[PDB]
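Encoded as structure tokens, the structure appears first; notes follow it.
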Amino acid sequence: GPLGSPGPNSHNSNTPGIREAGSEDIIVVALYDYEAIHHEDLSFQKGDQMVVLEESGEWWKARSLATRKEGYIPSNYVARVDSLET
Amino acid sequence: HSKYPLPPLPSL
């Protein structure tokens, strides 16, 4: 009788830590202390920095750079770091 | 999210 020995050849695909690009991080400093006045809102302090991710209109969804939290924050209560003067 | 006409600006 004949004979045969099995043995497949597993494979896979995936790229490593390919170079990065396309940055984006709107940093805004709280112009005034905020403790989530209304629902759906993040709480911060006057001088706290947040990473604005989404900016629908006024309130933007930034992540507190203190607790790495995530929630909507008032723009009228923040000021882009690159929007500071003297 | 634009739901409220921004919060009431404080003093300092």
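Note on naming: chains are A, B, ... as they come in the structure tokens, residues start from 1 per chain, ligands start from 1 in the order shown.
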
Selection: 12 Å around residue B:5, only C-alpha atoms, excl. self and same-chain fewer than 4 positions, as a PyMOL selection string: (chain A and resi 38+57-59+74-76) or (chain B and resi 1+9)

Convert the current residue selection to file output with N, CA and C atoms, as a PDB file, in the first residue's frame.
```
ATOM      1  N   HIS A  38     -23.680  70.302  32.911  1.00  0.00           N
ATOM      2  CA  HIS A  38     -24.786  69.515  32.393  1.00  0.00           C
ATOM      3  C   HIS A  38     -24.279  68.138  31.963  1.00  0.00           C
ATOM      4  N   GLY A  57     -19.451  71.844  17.314  1.00  0.00           N
ATOM      5  CA  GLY A  57     -19.711  73.273  17.258  1.00  0.00           C
ATOM      6  C   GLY A  57     -18.976  74.007  18.380  1.00  0.00           C
ATOM      7  N   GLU A  58     -19.684  74.196  19.484  1.00  0.00           N
ATOM      8  CA  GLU A  58     -19.113  74.881  20.632  1.00  0.00           C
ATOM      9  C   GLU A  58     -18.391  73.883  21.539  1.00  0.00           C
ATOM     10  N   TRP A  59     -19.158  72.928  22.044  1.00  0.00           N
ATOM     11  CA  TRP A  59     -18.607  71.911  22.923  1.00  0.00           C
ATOM     12  C   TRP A  59     -17.818  70.921  22.065  1.00  0.00           C
ATOM     13  N   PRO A  74     -16.788  72.672  27.108  1.00  0.00           N
ATOM     14  CA  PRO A  74     -17.132  73.958  26.527  1.00  0.00           C
ATOM     15  C   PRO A  74     -15.893  74.646  25.948  1.00  0.00           C
ATOM     16  N   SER A  75     -16.062  75.186  24.749  1.00  0.00           N
ATOM     17  CA  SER A  75     -14.971  75.872  24.078  1.00  0.00           C
ATOM     18  C   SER A  75     -14.801  77.278  24.658  1.00  0.00           C
ATOM     19  N   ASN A  76     -15.913  77.832  25.115  1.00  0.00           N
ATOM     20  CA  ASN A  76     -15.902  79.165  25.694  1.00  0.00           C
ATOM     21  C   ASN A  76     -15.170  79.127  27.038  1.00  0.00           C
TER      22      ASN A  76
ATOM     23  N   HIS B   1     -20.566  68.629  20.728  1.00  0.00           N
ATOM     24  CA  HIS B   1     -22.017  68.607  20.674  1.00  0.00           C
ATOM     25  C   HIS B   1     -22.565  69.979  21.075  1.00  0.00           C
ATOM     26  N   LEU B   9     -19.938  82.193  31.580  1.00  0.00           N
ATOM     27  CA  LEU B   9     -18.570  82.592  31.868  1.00  0.00           C
ATOM     28  C   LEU B   9     -18.482  83.087  33.312  1.00  0.00           C
TER      29      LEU B   9
END
```

Show which residues sit within 7 Å of residue A:26, as a PyMOL selection string. Count only C-alpha atoms, and ignore same-chain residues fewer than 6 positions away. chain A and resi 51-52+80

Using only C-alpha atoms, determine which residues of chain A fall within 10 Å of chain B; present them as JSON, numbers by chain. {"A": [31, 32, 33, 34, 36, 37, 38, 40, 41, 46, 54, 55, 56, 57, 58, 59, 60, 61, 72, 73, 74, 75, 76, 77]}

Expected file: the selected residues, C-alpha atoms, as a compact mmCIF listing (two decimals), in the first residue's frame:
```txt
# COMPACT_ATOMS: atom_id res chain seq x y z
CA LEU A 31 -10.15 79.28 30.90
CA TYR A 32 -12.20 78.45 33.97
CA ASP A 33 -12.82 75.57 36.35
CA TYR A 34 -15.55 73.25 35.12
CA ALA A 36 -19.62 69.07 34.28
CA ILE A 37 -22.45 71.56 34.56
CA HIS A 38 -24.79 69.52 32.39
CA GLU A 40 -22.65 64.67 28.52
CA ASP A 41 -19.71 66.84 29.52
CA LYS A 46 -8.82 76.33 35.11
CA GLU A 54 -14.20 66.20 18.03
CA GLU A 55 -15.44 69.75 17.57
CA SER A 56 -19.04 69.64 16.43
CA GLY A 57 -19.71 73.27 17.26
CA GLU A 58 -19.11 74.88 20.63
CA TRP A 59 -18.61 71.91 22.92
CA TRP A 60 -15.75 69.69 21.82
CA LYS A 61 -14.92 66.15 22.88
CA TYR A 72 -17.53 67.00 25.83
CA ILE A 73 -16.18 70.31 27.08
CA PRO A 74 -17.13 73.96 26.53
CA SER A 75 -14.97 75.87 24.08
CA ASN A 76 -15.90 79.17 25.69
CA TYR A 77 -14.15 77.73 28.72
```

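Atom CA of residue A:86 is found 17.6 Å from atom CA of residue A:27.
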
Looking at only C-alpha atoms, which of A:65, A:9, A:50, A:2 is the one that sits closest to residue A:78?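 Comparing A:65, A:9, A:50, A:2 against residue A:78, the winner is A:50.
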
For atom CA of residue A:29 and atom CA of residue A:47, determine how far apart the two atoms are, in Å to one decimal place. 5.4 Å

Give me the residues near residue A:68 as a list in words, where near means some atom within 12 Å (using only C-alpha atoms) and where sequence neighbours in that chain fewer than 2 positions away do not count.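 After dropping sequence-adjacent residues, the list is residues 42, 43, 44, 48, 49, 50, 51, 52, 62, 63, 64, 65, 66, 70 and 71 of chain A.
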
Report the distance between atom CA of residue A:85 and atom CA of residue A:23 in Å, rounded to one decimal place. 24.0 Å
